[PDB]
Structure formats: structure tokens, C-alpha cells
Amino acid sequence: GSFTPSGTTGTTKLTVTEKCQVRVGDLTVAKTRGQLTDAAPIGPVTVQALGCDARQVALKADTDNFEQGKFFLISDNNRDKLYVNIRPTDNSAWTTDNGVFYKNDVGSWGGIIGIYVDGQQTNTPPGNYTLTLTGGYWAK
């Protein structure tokens, strides 16, 4: 299997906070650490393919966003991780392969990739966490 980068990069930002939470500036996604229970939604990643009627749509995470089997958001401190599962809201079939999440069937898919906490992680340190995904296509 091989990923060909071809499309834009979307960067999911999450701010983890304590119960008392102070939003400063533009609205962005924040969650308290008590909200980080297994399967809790973090946020959506919008996806739209064009010209892929005969290709398999895929997303590849940055190198520091996957440590095999698993995807995770990385802290700005380059240390703390928030493990997540990613899943299309339409329940179509996709596969995870070494940092690549690709759709099992060809077609110019459009949808939402939901990001959810993978295992309870209510001890996640407050800070700013990111997951970077780049669009492209997969082959075989």
C-alpha cells in the first residue's frame, strides 16, 4: 500500500482545560479534562474529494501524530498525547495503515471524519493539542 499526497492539510486544535475554563479571543475547541472519557467526541474534520471517481480517498497524519495502531493529538510541548479514534460519520468502511486512513472503495467521497477519545484520558494535562491530516489517495 502507498499514500500519494494530493489535497489540503487540515489541523485540528484542541485546548484541554480544568473545570474552570477561560476562553480568550476567537472561538476554538476546548474540553475540560473530565470530558475526555472513552469515545467522547473531540471535533469534526470536513473532507471533500474531487476527481477521485476511480481512486481511493485517504488522509495521512503528520509523523508526530501516529505511533502505530494509533492516531493521537500531540501537545505543543511535543510530549503529551491524546489518543483518538477517527471515524466517518456516514459509517462507510475505511482502513488504518501506518498513519494513513484510507477509504476501502473508490469514489469522490465527501463527509465528516469525527475524532473521538480512544480510551479514558481524564488525566490529560491542560495545554494545546493538535492532529494534522493531509488529503490524498491510496494504492493498491
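Rigid core: the largest C-alpha set superposing within 1.5 Å between the two forms. Just count from 1 along the sequence shown to find any residue number.
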Could you tell me which of the two stretches, 55 to 63 or 26 to 34, has its Cα atoms lying farther from the shown structure in 5 other deposited structures of this protein after fitting on the rigid core? 26 to 34
Between 80 to 88 and 65 to 73, where do the CA atoms move more in 5 other deposited structures of this protein, taking the root mean square over the structures and residues after a core fit? 65 to 73
On average, are the C-alpha B-factors higher in 43 to 51 or in 65 to 73? 65 to 73
Could you settle it for me: does 128 to 136 or 7 to 15 have the higher average Cα B factor in the PDB entry? 7 to 15
For the listed residues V100, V106, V84, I113, which one has the largest C-alpha B-factor as given in the deposited model? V106
Third of the chain, ranked by Cα B-factor, where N123 sits: highest
Splitting the chain's C-alpha B-factors into thirds, which one does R79 fall into? highest
By the entry's values, the third containing the CA B factor of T89 is the lowest
Split the chain's modelled residues into thirds by Cα B-factor; is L59 in the lowest, middle or highest one? middle
